[PDB]
Amino acid sequence: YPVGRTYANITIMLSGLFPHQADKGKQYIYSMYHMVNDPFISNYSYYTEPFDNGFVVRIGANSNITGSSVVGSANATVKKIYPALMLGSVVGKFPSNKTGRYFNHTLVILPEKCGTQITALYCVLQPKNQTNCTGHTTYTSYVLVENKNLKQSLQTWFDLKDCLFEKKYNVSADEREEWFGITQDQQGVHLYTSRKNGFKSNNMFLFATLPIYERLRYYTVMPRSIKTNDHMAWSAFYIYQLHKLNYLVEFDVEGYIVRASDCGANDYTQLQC
Amino acid sequence: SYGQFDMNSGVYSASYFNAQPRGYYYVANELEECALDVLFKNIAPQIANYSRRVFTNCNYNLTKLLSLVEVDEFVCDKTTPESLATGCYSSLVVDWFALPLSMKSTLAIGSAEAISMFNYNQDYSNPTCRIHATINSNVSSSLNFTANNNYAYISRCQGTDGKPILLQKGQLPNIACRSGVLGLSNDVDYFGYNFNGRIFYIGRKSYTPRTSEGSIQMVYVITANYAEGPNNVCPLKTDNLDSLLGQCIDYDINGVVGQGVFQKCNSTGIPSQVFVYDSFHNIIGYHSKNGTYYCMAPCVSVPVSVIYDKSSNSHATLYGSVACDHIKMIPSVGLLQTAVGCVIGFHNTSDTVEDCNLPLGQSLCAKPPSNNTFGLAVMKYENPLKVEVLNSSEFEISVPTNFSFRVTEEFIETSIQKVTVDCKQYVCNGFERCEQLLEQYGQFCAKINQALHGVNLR
Amino acid sequence: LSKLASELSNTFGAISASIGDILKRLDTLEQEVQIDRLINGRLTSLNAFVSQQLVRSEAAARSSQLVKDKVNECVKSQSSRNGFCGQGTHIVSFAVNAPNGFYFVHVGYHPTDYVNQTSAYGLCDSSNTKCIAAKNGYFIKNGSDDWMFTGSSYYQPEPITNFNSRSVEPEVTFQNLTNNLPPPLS
Amino acid sequence: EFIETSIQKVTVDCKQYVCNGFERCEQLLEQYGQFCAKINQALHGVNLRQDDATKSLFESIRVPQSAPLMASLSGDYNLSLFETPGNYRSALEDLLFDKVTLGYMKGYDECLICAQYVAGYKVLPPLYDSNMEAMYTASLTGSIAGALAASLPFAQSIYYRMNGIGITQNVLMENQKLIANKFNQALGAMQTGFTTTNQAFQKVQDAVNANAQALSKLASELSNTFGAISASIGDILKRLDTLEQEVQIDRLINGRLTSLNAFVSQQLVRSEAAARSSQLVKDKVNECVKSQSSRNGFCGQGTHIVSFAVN
Amino acid sequence: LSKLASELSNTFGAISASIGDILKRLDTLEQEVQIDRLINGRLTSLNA
Ligand SMILES: *[C@@H]1O[C@H](CO)[C@@H](O[C@@H]2O[C@H](CO)[C@@H](O[C@@H]3O[C@H](CO)[C@@H](O)[C@H](O)[C@@H]3O)[C@H](O)[C@H]2NC(C)=O)[C@H](O)[C@H]1NC(C)=O
Ligand SMILES: *[C@@H]1O[C@H](CO)[C@@H](O[C@@H]2O[C@H](CO)[C@@H](O[C@@H]3O[C@H](CO)[C@@H](O)[C@H](O)[C@@H]3O)[C@H](O)[C@H]2NC(C)=O)[C@H](O)[C@H]1NC(C)=O
Ligand SMILES: Nc1nc(=O)c2nc(CNc3ccc(C(=O)N[C@@H](CCC(=O)O)C(=O)O)cc3)cnc2[nH]1
Ligand SMILES: *[C@@H]1O[C@H](CO)[C@@H](O[C@@H]2O[C@H](CO)[C@@H](O)[C@H](O)[C@H]2NC(C)=O)[C@H](O)[C@H]1NC(C)=O
Ligand SMILES: CCCCC/C=C\C/C=C\CCCCCCCC(=O)O
Ligand SMILES: *[C@@H]1O[C@H](CO)[C@@H](O)[C@H](O)[C@H]1NC(C)=O
Ligand SMILES: *[C@@H]1O[C@H](CO)[C@@H](O)[C@H](O)[C@H]1NC(C)=O
Ligand SMILES: *[C@@H]1O[C@H](CO)[C@@H](O)[C@H](O)[C@H]1NC(C)=O
Ligand SMILES: *[C@@H]1O[C@H](CO)[C@@H](O)[C@H](O)[C@H]1NC(C)=O
Ligand SMILES: *[C@@H]1O[C@H](CO)[C@@H](O)[C@H](O)[C@H]1NC(C)=O
Ligand SMILES: *[C@@H]1O[C@H](CO)[C@@H](O)[C@H](O)[C@H]1NC(C)=O
Ligand SMILES: *[C@@H]1O[C@H](CO)[C@@H](O)[C@H](O)[C@H]1NC(C)=O
């Protein structure tokens with residue numbers, strides 16, 4: 001959504017940072033504990049995708065329906081599960097020759113207490129020296145675990161030092177899909193969410209401006225599993241990368257957007273813009 | 001407007017008149033005082049690692065700040081310091097570092113030194129104000145302003161391939177090169193650096209930001225964002241709504257000023273963001289703090305026209321579509337209601353005229369005042385001689401019995417004035433400077449001469 | 001021409017409209033800017049005049065075609081159609097010169113006073129043997145079934161002869177007569 | 001066939017369009033040289049030319065004799081579309097003015113037109129009222145079926161039209177009811193289904209859309225920044241100093257004056273087209289309407305029989 | 001068409017008629033002025 005102003009019942013050619021047509025993006029899925037012990041996780045955390053201008057995620061789509069457990073052999077219903085994201089400036093190599101270490105001040109985003117609270121820690125992490133938790137040549141990907149505060153698992157996997165603002169936001173517990181976008185400008189980083197101004201559509205509005213004056217260049221999605229025999233499955237969230245593009249949107253009577261052609265998907269849309 | 005006294009008789013248009021704004025409105029929802037004391041509180045940052053703060057929803061008092069600094073030179077584009085202390089803008093971004101006035105041209109636009117390419121590079125897309133301020137010793141000791149005597153800037157930032165790393169506009173310096181410069185304790189010009197595996201080449205060059213008297217020189221770059229929404233950063237420096245409605249009124253709401261009329265419309269748009277805009281970037285809406293949506297419009301001028309009559313020397317005023325009601329409510333800046341509009345002159349007459357040389361609009365004439373004002377005459381159709389249709393074999397005819405010649409005079413202009421213009425003699429007056437600037441301007445005289453020759457030959 | 005020559009006194013947002021005054025008062029890096037503004041204004045005025053002449057050329061050409069048509073229709077001949085050569089029924093037209101054009105003098109007819117009368121489609125005898133119709137006229141009655149002939153543009157009745165009467169095919173809509181028949185019908 | 005013989009009578013003033021009433025912009029326009037008086041003179045000239053052209057056109061429309069009763073009842077053919085009775089307006093004219101996306105006594109109190117009034121221009125009313133124009137049109141009917149003047153029924157007049165084409169007397173008297181059925185079928189086919197697929201109604205809508213688009217562009221060249229920091233002179237006055245205000249206001253004045261000159265040239269071109277259109281309308285009325293033409297193509301495709309003209 | 005394509009080589013008071021030539025020569029603030037002058041010239045040619 002445009003920041004600071006509202007339009008109504010008009011169609012505007014406005015340019016900004018938007019995802020383009022198609023572009024299904026990366027598809028990420030979390031899973032239950034292996035059916036008890038040894039929580040099951042995916043290849044994530046060895047991938048450091050470029051931040052570029054920013055990204056927007058589809059929060060908790062494919063929920064309220066019957067799906068399938070990723071590690072389970074049977075089918076179960078799927079609920080909304082909030083991703084936890086890592087964002088930093090410089091990435092390097094672990095002592096175990098694995099990728100995913102952030103060598104300076106990094107921003108993490110953690111949902112807390114069964115999705116009631118979400119926190120943003122700007123908290124530079126030192127790798128703890130232990131037996132298997134990021135030791136010498138004994139490594140598996142750090143996993144954020146919780147029962148049926150994720151910072152305790154993070155402090156088990158990492159060491160926290162020079163930590164700054166721990167901004168906490170209250171989000172309601174529901175199974176409706178949302179959206180969440182991160183954009184960086186010269187005023188800092190901007191977080192966007194769909195929960196503000198009531199909850200009516202899929203549009204996102206500005207709700208936080210964290211003072212991150214270092215240019216964020218990499219991001220990764222930290223794995224997360226839930227302790228739970230029982231068959232509980234979790235939804236999928238898709239990451240879409242933004243671009244310096246131009247759009248032509250349409251507003252209804254309320255301050256919302258109904259349809260928005262992308263000027264550049266094909267020639268007819270170039271004419272339509 | 002026309003510039004001559006003797007005027008042909010006819011109906012003209014004699015420019016609009018607007019309604020002057022009578023009153024004042026002001027909301028300016030209260031905010032917190034700024035944290036600008038941090039600009040003079042801690043150790044002065046160096047150019048290599050310079051601090052940046054962003055101020056939003058803030059109020060600042062410029063006299064208390066400017067009682068502490070001595071401005072040596074300010075360079076501002078798209079804004080002025082006089083406007084910064086009077087006007088309200090959306091956001092304020094301040095960068096500050098220590099830099100002597102002997103290198104005040106290093107930060108100038110277009111310079112080719114190491115600071116403009118490996119240190120803070122200014123961004124010119126928003127209104128900026130780079131201020132070179134000197135803080136004297138007494139105020140520096142009062143606010144615990146100190147110098148660490150270790151100030152340096154990056155003089156080379158090369159990668160592994162032996163090429164310099166240019167810095168993008170309006171960004172902090174490269175984190176590897178900044179850390180490498182900050183970690184050193186001497187001056188080096190080409191020094192290798194091991195940034196967790198990467199091999200970087202860095203160069204540190206120092207400078208002294210103080211003077212003989214101990215006064216510390218500083219550089220304050222201030223970027224102000226003028227956005228379309230409400231302005232929440234204001235400098236520190238009547239009635240209520242529904243006591244005014246339908247009156248042209250200047251605003252002071254959330255730092256936005258102007259003029260126009262408020263009305264109580266139904267709520268339209270999102271309730272959070274205060275103002276509502278149209279396609280032409282013109283503000284038309286306003287959401288109050290009480291949830292009442294005030295729809296906003298410009299105060300609309302009154303379209304007027306003047307009927308002038310030579311050989312009687314009489315002037316009358318007509319209004320284009322203005323009703324007599326809106327004549328009575330607002331100043332213009334008997335009143336006969338007419339299908340065009342209310343007129344301040346004229347007198348009614350139960351008359352008709354076949355044709356009028358002074359038309360007023362939809363079949364209305366203005367006959368010359370031969371009591372004391374014009375006569376509103378209405379043109380209506382005369383009917384031709386009706387002939388009845390007969391069902392029988394005998395039909396009605398109309399054979400004339402008398403006649404008279406009517407001479408018809410028609411003039412058809414079939415010529416144009418054949419004109420040729422010397423382009424050099426017209427654009428310039430023979431001066432060699434203007435001739436050279438027209439030659440460097442790209443030639444146009446050949447095309448003009450060809451076009452006039454073509455139309456004259458045609 | 002007045003609008004063309006009045007753009008020499010327009011400052012166009014400069015210090016003066018005289019190039020020599022700008023040359024004397026100002027330094028070089030501003031001299032080029034002021035003369036650039038002056039050049040922009042004067043060239044805009046010249047292009048506006050060129051477009052004005054080009055627009056007026058089309059109107060002059062259309063008016064030339066119209067003058068040719070009016071001369072070849074209303075002057076050298078009497079026009080059958082009405083309204084193309086002035087108000088009324090055309091009689092004669094004289095063409096004379098004029099400032100930047102042609103002046104036309106059309107002489108109409110313009111009947112003044114009218115008489116309400118009745119007439120039939122044609123006169124035929126008995127059992128529709130041979131019927132006649134009016135040629136540039138109308139058939140009028142004195143009131144005693146005495147049919148006479150009148151002009152199409154003036155009232156002066158004259159007896160019907162074979163010269164102003166043209167034979168036509170019999171129809172049903174004609175008026176049948178019994179006594180005092182005209183000599184063409186005898 | 002539709003022939004657009006009118007232009008919009010639009011007047012723009014000096015300072016309400018180039019400026020917004022600020023004394024700084026007015027002073028910088030007075031130092032910029034005098035242009036807007038020329039704009040007012042040119043617009044007054046083209047409006048006077050259009051009013052005189054309309055007066056001459058409706059003088060040439062007028063017939064000396066007319067039969068009001070003939071169009072209403074006498075014709076066995078269902079010619080009630082051109083029968084005149086609030087409004088003295090025929091059925092076809094009501095269909096034309098109703099099925100397009102196109103008053104003056106209280107137009108200010110309404111509030112699109114108020115957007116014109118704040119922007120700084122108005123649309124002048126036409127010289128003849130809609131009722132007077134419709135009555136001038138309705139007087140033209142009643143003289144179509146007259147001469148070979150003499151008042152005639154429409155059936156006999158149609159017989160005389162078709163007799164000279166090459167259809168003999170026995171042919172037309174044999175199957176006159178078939179002729180009336182064909183005429184009524186053609187008129188009914190024209191009346192129904194003419195609002196979606198025809199070139200003439202598309203031309204009417206195109207002319208109305210172009211006349212709206214001219215004013216839309218004239219009002220939309222107010223929001224162009226023209227390289228300045230803002231499109232509002234108030235923002236430029238508040239934001240910049242007294243030395244850089246002159247440059248930005250000069251750029252704004254250049255843009256607005258260029259837009260006004262472009263609109264004036266557009267009005268001149270449209271007037272030069274409308275003069276030719278008015279001459280063509282006069283020719284079509286004096287050839288195809290009051291009489292029966294002998295040359296094909298000039299009164300539509302095919303051999304001409306009869307023609308009617310409506311607003 | 002010859003007059004339409006001959007206005008690309010018009011400097012219009014700028015240092016050069018090529019926008020690429022202006023971009024590599026002048027700073028950020030003067031680039032705006034020169035490109036504004038060029039844009040005004042090309043738009044005037046198009047409207048003509
Ligand atoms: C899966 O099913 C759940 C049912 O619990 C869906 O939640 C419901 O979603 C609808 C979407 O229209 C919500 O309606 C909207 O609610 C907001 C609340 O302010 C209101 O302002 C809107 O006008 C509209 O009525 C509904 O409230 C919500 N149910 C609850 C209890 O919150 C969910 O959307 C489904 N998910 C998918 C992907 O289909
Ligand atoms: C911005 O900050 C300045 C401080 O430099 C404020 O000026 C202060 O204004 C107040 C009242 O206008 C002054 O108080 C007065 O002091 C005299 C004695 O000096 C006393 O007799 C009066 O009754 C009153 O209390 C104060 O002295 C003055 N400060 C200085 C250093 O001169 C200014 O008001 C601030 N701006 C705003 C909008 O508040
Ligand atoms: N853990 C888990 N999460 C899931 O989301 C899940 N989903 C399924 C199957 N459910 C789904 C979810 C989405 C679509 C789907 O992508 N819908 C459409 C979109 C069509 C369009 O783009 O318009 C499709 O691609 O078919 C289909 C089946 C099975 N097991 C799961 N298990
Ligand atoms: C480089 O600059 C940053 C920002 O000015 C300094 O970071 C601050 O350091 C102080 C002291 O440790 C803290 O109290 C602040 O909270 C820090 N702020 C931020 C935003 O990180 C940093 O110390 C400077 N580097 C050096 C070597 O002096
Ligand atoms: C200053 C060196 C004088 C001699 C240089 C001679 C020739 C080189 C030619 C062109 C490059 C000139 C660089 C100008 C840098 C000054 C601006 C600054 O530094 O901010
Ligand atoms: C929105 O704009 C359209 C444009 O035609 C208008 O018809 C409609 O009445 C407006 N208001 C709504 C949809 O509430
Ligand atoms: C898993 O990630 C590693 C990166 O460490 C990559 O090399 C490998 O191809 C990935 N495997 C799959 C199946 O995605
Ligand atoms: C990044 O971390 C290293 C680790 O020692 C530190 O030296 C460096 O100063 C940090 N970067 C910044 C910008 O402080
Ligand atoms: C957030 O929620 C907690 C408990 O649910 C409450 O104490 C706190 O005040 C809330 N904060 C806000 C800003 O609503
Ligand atoms: C006087 O003016 C009124 C205006 O409403 C009009 O109705 C009336 O006919 C006029 N009287 C005349 C023309 O005699
Ligand atoms: C007149 O008489 C003839 C005689 O046959 C007839 O054919 C014709 O129809 C009659 N006309 C009228 C009008 O009665
Ligand atoms: C003529 O046609 C119209 C519309 O087709 C119809 O309403 C009317 O009744 C018709 N008149 C007749 C059949 O007399």
# chains A, B, ... in the order shown; residues from 1 in each chain; ligands from 1
>>> interface_residues(of="chain B", to="chain E", cutoff="10 Å", atoms="only C-alpha atoms", output="PyMOL selection string")
chain B and resi 77+109-111+123-125+437-444+447
>>> write_last_selection(atoms="C-alpha atoms", output="PDB file, in the first residue's frame")
ATOM      1  CA  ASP B  77      19.171  22.293  -2.787  1.00  0.00           C
ATOM      2  CA  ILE B 109      29.325  18.085  -5.639  1.00  0.00           C
ATOM      3  CA  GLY B 110      31.520  16.638  -8.367  1.00  0.00           C
ATOM      4  CA  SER B 111      34.724  16.305  -6.340  1.00  0.00           C
ATOM      5  CA  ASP B 123      22.473  11.510  -2.180  1.00  0.00           C
ATOM      6  CA  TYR B 124      20.703  14.179  -4.243  1.00  0.00           C
ATOM      7  CA  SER B 125      17.117  13.005  -4.648  1.00  0.00           C
ATOM      8  CA  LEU B 437      24.324  30.653 -29.636  1.00  0.00           C
ATOM      9  CA  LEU B 438      21.671  30.094 -32.312  1.00  0.00           C
ATOM     10  CA  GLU B 439      24.189  28.094 -34.353  1.00  0.00           C
ATOM     11  CA  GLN B 440      25.056  25.951 -31.320  1.00  0.00           C
ATOM     12  CA  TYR B 441      21.315  25.764 -30.527  1.00  0.00           C
ATOM     13  CA  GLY B 442      20.690  23.677 -33.640  1.00  0.00           C
ATOM     14  CA  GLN B 443      19.531  25.327 -36.839  1.00  0.00           C
ATOM     15  CA  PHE B 444      15.885  26.327 -37.238  1.00  0.00           C
ATOM     16  CA  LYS B 447      13.097  25.055 -41.914  1.00  0.00           C
TER      17      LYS B 447
END
>>> closest_atom_pairs(of="chain C", to="chain B", cutoff="7 Å", atoms="only C-alpha atoms", output="CSV")
residue,atom,partner,partner_atom,distance
C:35,CA,B:434,CA,6.5
C:39,CA,B:427,CA,6.0
C:42,CA,B:427,CA,5.5
C:43,CA,B:427,CA,6.7
C:54,CA,B:455,CA,6.9
C:56,CA,B:416,CA,7.0
C:57,CA,B:416,CA,6.7
C:60,CA,B:414,CA,4.7
C:61,CA,B:414,CA,6.9
C:63,CA,B:414,CA,5.3
C:64,CA,B:414,CA,5.2
C:86,CA,B:408,CA,5.7
C:87,CA,B:408,CA,6.9
C:100,CA,B:415,CA,5.1
C:101,CA,B:413,CA,4.1
C:102,CA,B:412,CA,5.6
C:103,CA,B:411,CA,4.6
C:104,CA,B:410,CA,5.0
C:105,CA,B:409,CA,4.9
C:106,CA,B:408,CA,5.0
C:107,CA,B:407,CA,4.9
C:108,CA,B:406,CA,5.4
C:109,CA,B:405,CA,5.1
C:110,CA,B:404,CA,6.0
C:111,CA,B:403,CA,4.0
C:112,CA,B:403,CA,4.4
C:113,CA,B:402,CA,5.0
C:114,CA,B:400,CA,4.1
C:115,CA,B:398,CA,5.5
C:116,CA,B:398,CA,5.0
C:117,CA,B:397,CA,5.2
C:118,CA,B:396,CA,4.3
C:119,CA,B:394,CA,5.2
C:120,CA,B:394,CA,4.5
C:152,CA,B:399,CA,6.5
C:153,CA,B:400,CA,5.8
C:154,CA,B:400,CA,5.1
C:155,CA,B:401,CA,5.0
C:173,CA,B:393,CA,5.9
C:174,CA,B:393,CA,6.5
C:175,CA,B:393,CA,6.6
>>> write_last_selection(atoms="C-alpha atoms", output="mmCIF file, in the first residue's frame")
data_model
loop_
_atom_site.group_PDB
_atom_site.id
_atom_site.type_symbol
_atom_site.label_atom_id
_atom_site.label_comp_id
_atom_site.auth_asym_id
_atom_site.auth_seq_id
_atom_site.Cartn_x
_atom_site.Cartn_y
_atom_site.Cartn_z
ATOM 1 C CA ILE C 35 20.242 34.666 -24.618
ATOM 2 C CA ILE C 39 16.088 32.491 -28.345
ATOM 3 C CA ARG C 42 11.539 34.181 -30.283
ATOM 4 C CA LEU C 43 11.676 30.745 -31.925
ATOM 5 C CA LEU C 54 -0.140 26.978 -42.575
ATOM 6 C CA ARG C 56 -4.876 29.816 -42.863
ATOM 7 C CA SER C 57 -3.600 28.374 -46.160
ATOM 8 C CA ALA C 60 -7.836 30.061 -48.240
ATOM 9 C CA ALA C 61 -7.712 27.005 -50.521
ATOM 10 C CA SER C 63 -12.523 29.412 -50.037
ATOM 11 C CA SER C 64 -10.828 29.500 -53.456
ATOM 12 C CA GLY C 86 -28.114 33.853 -51.688
ATOM 13 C CA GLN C 87 -31.568 34.049 -50.174
ATOM 14 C CA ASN C 100 -7.899 39.836 -50.038
ATOM 15 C CA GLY C 101 -10.861 38.054 -51.588
ATOM 16 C CA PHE C 102 -13.912 38.257 -53.820
ATOM 17 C CA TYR C 103 -17.151 40.184 -53.339
ATOM 18 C CA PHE C 104 -20.349 38.580 -54.622
ATOM 19 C CA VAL C 105 -23.596 40.393 -55.433
ATOM 20 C CA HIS C 106 -26.534 37.988 -55.725
ATOM 21 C CA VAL C 107 -29.923 39.314 -56.839
ATOM 22 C CA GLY C 108 -32.745 37.183 -55.469
ATOM 23 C CA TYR C 109 -36.450 37.227 -56.244
ATOM 24 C CA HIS C 110 -38.180 37.225 -52.800
ATOM 25 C CA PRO C 111 -41.977 37.177 -53.310
ATOM 26 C CA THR C 112 -43.724 39.629 -50.990
ATOM 27 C CA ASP C 113 -47.501 39.078 -50.855
ATOM 28 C CA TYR C 114 -49.230 35.715 -51.221
ATOM 29 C CA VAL C 115 -52.715 34.540 -52.213
ATOM 30 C CA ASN C 116 -54.319 31.371 -50.839
ATOM 31 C CA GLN C 117 -55.723 29.318 -53.726
ATOM 32 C CA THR C 118 -56.536 25.731 -54.668
ATOM 33 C CA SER C 119 -55.438 23.652 -57.648
ATOM 34 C CA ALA C 120 -55.697 20.122 -59.017
ATOM 35 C CA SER C 152 -45.707 29.613 -60.648
ATOM 36 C CA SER C 153 -44.353 32.845 -59.144
ATOM 37 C CA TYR C 154 -46.919 35.559 -59.981
ATOM 38 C CA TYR C 155 -50.714 35.841 -60.015
ATOM 39 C CA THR C 173 -56.180 11.410 -58.777
ATOM 40 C CA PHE C 174 -56.970 13.872 -61.579
ATOM 41 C CA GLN C 175 -60.066 16.068 -61.676
#
>>> residues_near_ligand(ligand="ligand 1", cutoff="6 Å", atoms="only C-alpha atoms and all ligand atoms", output="list in words")
residues 61, 62, 63, 64, 175, 176, 177, 198, 199 and 200 of chain A
>>> residues_near_ligand(ligand="ligand 6", cutoff="12 Å", atoms="only C-alpha atoms and all ligand atoms", output="MDAnalysis selection string")
(chainID A and resid 7:11 250:254) or (chainID B and resid 266:269 278) or (chainID D and resid 101)
>>> write_last_selection(atoms="N, CA, C and O atoms", output="tab-separated table (two decimals), in the first residue's frame")
chain	number	residue	atom	x	y	z
A	7	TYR	N	-6.01	6.66	-1.32
A	7	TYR	CA	-6.77	6.98	-2.52
A	7	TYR	C	-8.09	6.22	-2.48
A	7	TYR	O	-8.25	5.25	-1.75
A	8	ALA	N	-9.05	6.67	-3.29
A	8	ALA	CA	-10.39	6.11	-3.21
A	8	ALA	C	-11.08	6.21	-4.56
A	8	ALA	O	-11.18	7.31	-5.12
A	9	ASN	N	-11.56	5.06	-5.05
A	9	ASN	CA	-12.41	4.96	-6.25
A	9	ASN	C	-11.74	5.59	-7.48
A	9	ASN	O	-12.37	6.30	-8.26
A	10	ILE	N	-10.45	5.32	-7.65
A	10	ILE	CA	-9.67	5.84	-8.77
A	10	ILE	C	-8.68	4.77	-9.23
A	10	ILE	O	-8.44	3.78	-8.55
A	11	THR	N	-8.11	5.01	-10.40
A	11	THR	CA	-7.12	4.11	-11.00
A	11	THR	C	-5.87	4.92	-11.32
A	11	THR	O	-5.94	5.90	-12.07
A	250	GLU	N	-6.17	-0.27	-8.85
A	250	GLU	CA	-7.54	0.25	-8.78
A	250	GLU	C	-8.02	0.21	-7.34
A	250	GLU	O	-7.88	-0.81	-6.66
A	251	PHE	N	-8.59	1.32	-6.88
A	251	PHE	CA	-9.11	1.43	-5.53
A	251	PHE	C	-10.63	1.34	-5.52
A	251	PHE	O	-11.31	1.81	-6.43
A	252	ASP	N	-11.15	0.72	-4.46
A	252	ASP	CA	-12.59	0.67	-4.23
A	252	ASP	C	-12.99	1.86	-3.36
A	252	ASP	O	-12.23	2.83	-3.21
A	253	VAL	N	-14.20	1.83	-2.81
A	253	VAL	CA	-14.65	2.90	-1.92
A	253	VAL	C	-13.80	2.93	-0.65
A	253	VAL	O	-13.34	3.99	-0.21
A	254	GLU	N	-13.55	1.76	-0.07
A	254	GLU	CA	-12.61	1.69	1.03
A	254	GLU	C	-11.19	1.83	0.52
A	254	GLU	O	-10.91	1.69	-0.68
B	266	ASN	N	-19.89	11.23	3.69
B	266	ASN	CA	-19.80	9.88	4.22
B	266	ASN	C	-18.35	9.41	4.19
B	266	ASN	O	-17.55	9.84	3.35
B	267	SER	N	-18.01	8.53	5.13
B	267	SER	CA	-16.63	8.06	5.26
B	267	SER	C	-16.22	7.25	4.04
B	267	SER	O	-16.93	6.34	3.62
B	268	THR	N	-15.06	7.59	3.48
B	268	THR	CA	-14.58	6.99	2.25
B	268	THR	C	-13.07	6.91	2.32
B	268	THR	O	-12.41	7.91	2.60
B	269	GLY	N	-12.52	5.72	2.08
B	269	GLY	CA	-11.10	5.47	2.24
B	269	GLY	C	-10.80	4.79	3.57
B	269	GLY	O	-11.69	4.49	4.37
B	278	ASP	N	-6.76	12.38	-4.84
B	278	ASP	CA	-7.31	11.98	-6.12
B	278	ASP	C	-6.18	11.62	-7.09
B	278	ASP	O	-5.02	11.48	-6.70
D	101	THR	N	-23.36	9.85	-24.02
D	101	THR	CA	-22.83	10.34	-22.75
D	101	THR	C	-22.32	11.76	-22.97
D	101	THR	O	-21.12	12.01	-23.07
>>> residues_near_ligand(ligand="ligand 10", cutoff="6 Å", atoms="only C-alpha atoms and all ligand atoms", output="list in words")
residues 337, 338, 348, 349 and 350 of chain B
>>> write_last_selection(atoms="N, CA and C atoms", output="JSON list (two decimals), in the first residue's frame")
[["chain", "number", "residue", "atom", "x", "y", "z"],
["B", 337, "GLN", "N", -33.26, 36.68, -12.23],
["B", 337, "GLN", "CA", -32.86, 35.31, -12.52],
["B", 337, "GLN", "C", -33.15, 35.00, -13.98],
["B", 338, "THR", "N", -32.17, 34.41, -14.66],
["B", 338, "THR", "CA", -32.24, 34.18, -16.09],
["B", 338, "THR", "C", -31.75, 32.76, -16.34],
["B", 348, "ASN", "N", -36.52, 43.83, -17.07],
["B", 348, "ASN", "CA", -37.36, 42.88, -17.77],
["B", 348, "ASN", "C", -38.23, 43.60, -18.79],
["B", 349, "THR", "N", -38.49, 42.94, -19.92],
["B", 349, "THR", "CA", -39.40, 43.47, -20.92],
["B", 349, "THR", "C", -40.13, 42.32, -21.59],
["B", 350, "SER", "N", -41.43, 42.51, -21.81],
["B", 350, "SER", "CA", -42.26, 41.53, -22.52],
["B", 350, "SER", "C", -42.16, 41.81, -24.02]]
>>> interface_residues(of="chain E", to="chain D", cutoff="10 Å", atoms="only C-alpha atoms", output="short mmCIF file (atom, residue, chain, number, x, y, z; two decimals) with N, CA and C atoms, in the first residue's frame")
data_model
loop_
_atom_site.label_atom_id
_atom_site.label_comp_id
_atom_site.auth_asym_id
_atom_site.auth_seq_id
_atom_site.Cartn_x
_atom_site.Cartn_y
_atom_site.Cartn_z
N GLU E 32 20.06 17.06 -14.22
CA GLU E 32 18.63 17.33 -14.21
C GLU E 32 18.28 18.52 -15.09
N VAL E 33 19.08 19.59 -15.03
CA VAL E 33 18.81 20.79 -15.82
C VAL E 33 18.98 20.51 -17.31
N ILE E 35 18.98 17.56 -18.94
CA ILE E 35 17.98 16.62 -19.43
C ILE E 35 16.60 17.27 -19.47
N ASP E 36 16.31 18.20 -18.56
CA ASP E 36 15.05 18.94 -18.63
C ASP E 36 14.98 19.78 -19.90
N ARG E 37 16.08 20.45 -20.25
CA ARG E 37 16.11 21.24 -21.48
C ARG E 37 15.93 20.36 -22.71
N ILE E 39 14.45 17.38 -22.84
CA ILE E 39 13.09 16.85 -22.83
C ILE E 39 12.11 17.90 -23.33
N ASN E 40 12.30 19.16 -22.92
CA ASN E 40 11.44 20.23 -23.40
C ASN E 40 11.55 20.40 -24.91
N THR E 44 8.48 19.61 -27.50
CA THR E 44 8.02 20.67 -28.39
C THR E 44 8.00 20.20 -29.84
N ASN E 47 4.99 17.78 -30.26
CA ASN E 47 3.70 18.48 -30.31
C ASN E 47 3.52 19.23 -31.62
N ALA E 48 4.61 19.80 -32.15
CA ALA E 48 4.55 20.43 -33.46
C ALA E 48 4.20 19.42 -34.55
#
